[PDB]
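Cβ placement follows ideal geometry from the backbone for every residue including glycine, while neighbour counts extend to all protein chains displayed. Readers should treat all values here as calculations from the given coordinates under stated rules, not as data from a laboratory.
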């Protein structure tokens with residue numbers, strides 16, 4: 001997508017209706033990234049089909065698609081179109097960019113344009129926004145990174161052996177980026193890019209990864225999310241094998257071990273965690 005508008009509308013209503021989903025808009029909430037990317041590649045947001053994903057408006061479709069659309073525009077570059085989005089909304093481009101700063105930086109760092117963010121906010125405000133949105137940015141970095149060849153890039157001189165052990169037991173951007181990406185963001189805050197893996201951040205990112213999976217989204221999603229979790233566990237190192245992170249990971253990886261699709265990934269991570277956290281599991285026999 002004239003009748004094709006109405007037919008696609010009824011089809012999406014039936015898809016999200018017979019899948020334990022709320023409505024058609026809650027089916028756009030799951031797929032807006034890919035649709036918006038592939039469509040805004042060569043088109044403009046203002047002429048999109050607000051009749052699929054029943055919205056009854058374009059200013060209704062926008063009060064949800066600010067973040068993805070704005071971040072993708074600023075990923076490729078449509079400055080006048082970001083300004084047009086902002087005009088249509090009611091908010092000037094500046095407070096808009098202040099609303100969706102996290103995804104903007106996630107994509108931009110992935111697609112390398114941050115200087116273009118400095119030229120609209122400033123050079124003492126942009127850094128305050130990076131300080132305010134650090135963990136959300138790392139979470140959005142683990143969302144979009146594609147699992148291609150992480151061990152090759154690792155040698156970050158400890159992730160390689162760790163991922164090798166966990167493999168011996170049992171918008172998309174390439175894995176080769178992932179370390180350097182983090183570095184480039186963390187060379188503008190105070191916290192050094194080397195060692196930023198306190199347990200709060202670890203549990204944050206891991207819960208994000210798990211929440212990403214979904215029952216309606218397929219049993220092929222899960223094994224990719226699991227590979228990325230293995231990357232997080234090998235990278236975090238010694239904070240994800242002791243304390244509450246250990247308990248929290250053992251739980252969900254158990255749930256992935258009873259999945260008949262792939263119990264090759266989760267059995268390995270589980271062996272590694274149980275074996276390495278022996279000094280801790282002897283203090284908590286009730287768990």
For the stretch 1-22, which residues satisfy the criterion of being in a loop (DSSP other than H, G, I, E, B), touching a helix residue (DSSP H, G or I) at 6+ places or on another chain (Cβ under 9 Å) and under 25 Å from residue 143 (Cα atoms)?
19, 21, 22
Identify, from the list 118, 180, the residue that is surrounded by fewer than 16 Cβ atoms within 10 Å (Cβ to Cβ) and touching a helix residue (DSSP H, G or I) at 6+ places or on another chain (Cβ under 6 Å).
118
Select, from 103, 208, the only residue that is assigned to a helix (DSSP H, G or I) and either under 19 Å from residue 234 (Cβ atoms) or touching a strand residue (DSSP E or B) at 6+ places or on another chain (Cβ under 7 Å) (or both).
208
In the stretch 145-170, what count of residues is obtained for those that are under 15 Å from the mean Cα position of the chain (by Cα) and surrounded by fewer than 19 Cβ atoms within 10 Å (Cβ to Cβ)?
2
In the stretch 63-86, is there at least one residue being more than 18 Å from residue 103 (Cα to Cα) and either surrounded by 17 or more Cβ atoms within 10 Å (Cβ to Cβ) or in contact with a strand residue (DSSP E or B) (Cβ under 6 Å, 6 or more places away or on another chain) (or both)?
no
Go through (1) over 18 Å from residue 145 (Cα atoms); (2) surrounded by 14 or more Cβ atoms within 10 Å (Cβ to Cβ) and name the single condition residue 205 misses.
(1)
Can you find a residue that is closer than 22 Å to residue 182 by Cβ and either part of a helix (DSSP H, G or I) or more than 24 Å from the chain's Cα centre (by Cα) (or both) anywhere in the stretch 260-277?
yes
Condition (residue is buried (at least 19 other Cβ atoms within 10 Å of the Cβ), touching a helix residue (DSSP H, G or I) at 6+ places or on another chain (Cβ under 9 Å) and closer than 27 Å to residue 114 by Cα) applied to the stretch 210-231: is it met by at least one residue?
yes
